[PDB]
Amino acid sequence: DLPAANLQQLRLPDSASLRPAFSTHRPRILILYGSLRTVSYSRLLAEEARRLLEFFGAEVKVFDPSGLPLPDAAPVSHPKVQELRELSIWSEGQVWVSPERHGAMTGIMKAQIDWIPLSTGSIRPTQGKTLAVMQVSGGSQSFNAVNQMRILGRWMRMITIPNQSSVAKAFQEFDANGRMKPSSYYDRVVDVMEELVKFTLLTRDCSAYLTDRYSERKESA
């Protein structure tokens, strides 16, 4: 038996709670990228992600981090901070696309997430929402940035989908018009977006049940 558990708060999982009526609205995907370079492969990859997601039927919003103050260097009502926070609240899933800069995710990528709180009043800007992580680099393949982002996804309490993208030697993959050529990298991008839409459709309607936790029911009681 279970002498450390409160049997009043323990609940058997309920199949019907996992299957509420399917929503019909476009899955809401926020896309963030980690560069302000004029020629930014992370931005250009974010845009390829957008085109795919839109094809699949998602409503996509891409946040431009230009003009974002450093965390705590402005009030939370700053135009770009409010935009980012409202975008996160609006989202049902997110794509984060970071350059790998000095073998890690970028300060721009992390500063965006730094500005997003786990909670504000009753609202949880990220909890339970789906996440796809992707990186790009001018050098040979690495996973340092996507590893950091996947751990970060846990801290934000997101459902980080298993598939992810790491594009090596990015300048070889994007043409003069900023479009990705057919490649194994591109096929991965398609798989990741494809998976993200499926996970978002699967989880969004029962997310409140999925985050209805024993410990929180216990503290309410």
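Each residue number is its position in the shown sequence, starting from 1.
Trainee: Can you let me know which of the two, 9-17 or 209-217, has the higher average C-alpha B-factor in the entry?
Mentor: Mean CA B-factor is higher for 9-17.
Trainee: Return whichever of 80-88 and 117-125 has the greater mean Cα B factor according to the PDB record.
Mentor: Stretch with the greater average CA B-factor: 117-125.
Trainee: Can you tell me which of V192, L53, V39, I31 has the highest Cα temperature factor in the record?
Mentor: Max CA B-factor in the entry, restricted to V192, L53, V39, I31: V39.
Trainee: By its CA B factor, does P182 count among the lowest, middle or highest third of the modelled residues in the chain?
Mentor: Within its chain, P182 is a highest-third residue by C-alpha B-factor, going by the deposited values.
Trainee: What third of its chain's C-alpha B-factors does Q141 belong to: lowest, middle or highest?
Mentor: Highest third, going by the recorded CA B-factors of the chain.
Trainee: Using the temperature factors of the C-alpha atoms in this entry, rank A176 within its chain: lowest, middle or highest third.
Mentor: For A176, the deposited C-alpha B-factor lands in the highest third.
Trainee: Quick check for you: using the entry's CA B-factors within this chain, is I159 in the lowest, middle or highest third?
Mentor: It falls in the middle third of the chain.
Trainee: Please place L45 in the lowest, middle or highest third of its chain according to the CA B-factor in the PDB entry.
Mentor: It belongs to the middle third of the chain when residues are ordered by C-alpha B-factor.
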